[PDB]
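Just the one chain here, laid out as structure tokens, in the form deposited in one PDB entry.
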């Protein structure tokens, strides 16, 4: 029966069927008294399988590589008469024909990516086997069984939870689609459980530590759960393309199904402010416990969690930050800024905004579905936007296909290309109704694309990977290729340059904006410059113009002219937004030639960090007293200040709350931690109050045995 299908869909890793202990059709053939899977952290298996790190008790192993087991019999194994095989099965509806029920026959010698087990040793009543997974095996928690074969059918062991084995992806294996050439990278992109996230803006790149915590207790299990909550067919869990294509779509709770509820409202009603999270562990576990979407997240929190996901299952992955990101490009390689007849920027017609920065993920894998050469890193943005399917994540999009405008290849390529390679067009909206494009800034969007380096906390410029150099046959042709493969370029694109340098200030200080015109030709010009200063979210969405100023300049031929504006703290203070960012529009009009000059910059105000100092024994198992101090920089009282602490391997994420803090006051929070991991660890603190927020801190600790 079924109608639709003989056997229901096998799409849960938790669901299980029981296998018959005996099933004959038509007793001393051998019987198992015990099975030993050399698990143990210190032991052979886990260490050689790089799984020795997980805070987990069952045996964890990576596909395509051989592992050890010993089977204890009720009598010596006689190769002349006995017969058996090890079994591994996943889900309620196993099926050999779909890698969900796996035989593993004992073999003379193990072959290239084929399941098999070579008998390696025989004692009195014990056989030591060397079992080999296939490099294409599904990933998930399998059930183990030993089946003795009688000529009348089989006798097999019974449900034993202690023998469940986990098979993860294998970056160290030459045949795994997710294979990585060398240890440095593998260590970093897979084994590292801490990363730095780059925010701020290009001329003042800021960083903060994020805990991936992929080896903490429960996380490996939550990742299987996420796939289960997505009803992911088990037969597809061995495909990294499909894992990232499905796992990413689960990150953003459309309605209420995914992991996180995205919110950029600066209020965050009944949830945690995206800026408070110190890492992935809290979220993922909190999701598991409620089976409901965690609130709230924004692009970096979605990218953090997804990076934990990928690495935890064994897929090499890293977060990437793009500076001046054209999110919601809809494949349009242009951003429209509208100007009034008198040079100003039309506050009403300009509803499109460039993000100060926008992070996304990159996952390493091959691309058997695309032509040769498009393997390597794949861009996967889990912050939705309208693509072909309409308003979902994008990717895996081949990073190499992006750099060459080869946007005819899946998945979601035009939307990442246009995120990183699109121009700003300045248009004048005439009082009668027409529009004319003044100039185009082809070097503002995608200025800098960066990621944390293999060494330590330093940044790595990865801009050349997404694009060539603006103004070279290369960048020009890639741009043309993308145009024929559906990248939209709607509008077809007086020697007086001018630029302005804002001087990065501290939260609460007055600072300056220094405009500089340089009349390059041989004429005396009369210009009318206009300065527009707006308070904004990091996404570029404005909240208010807090400073408007217009001024005339009489430039001398071949000379120059500098104009310094002074921004007093009081003009902005009362209405800043979370990441304390401001945007500046500087437009000038040369009434002689009618040529227009426009420039825009973003600046994020600086705030002093949280202090973390350790006081104790930096030895695993021994106590150390962690101290976190914060000093209210503002001249007003902070209330309901939630301090946070984390550091995978040192402590579990904790959070304390202070009813209030008077201005210029300081608070200390002593905490005794019991470091369970040895080596270079790191603490992480974060702060968020009803007023001030998006304030972090970190310390690097050295813990040994």
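Positions refer to the first chain, counted from 1.
Absent from the display: the form solved in complex with a partner chain. The rest refers to it.
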Exercise. May I ask you to choose, among 88, 324, 277, 296, the residue with a heavy atom within 4.5 Å of its partner chain in the deposited bound form?
Key: 324
Quiz item: So which of 207, 600, 350, 132 reaches within 4.5 angstroms of its partner chain in the deposited bound form, heavy atom to heavy atom?
Solution: 350
Quiz item: Which of these stretches, 352-360, 305-313, 587-595, 138-146, has heavy atoms within 4.5 Å of its partner chain in the deposited bound form?
Solution: 352-360
Quiz item: How about residue 300: is it within 4.5 Å of its partner chain in the deposited bound form, going by heavy atoms?
Solution: yes
Quiz item: Are any of the heavy atoms in residue 337 no more than 4.5 Å from a heavy atom of its partner chain in the deposited bound form?
Solution: yes
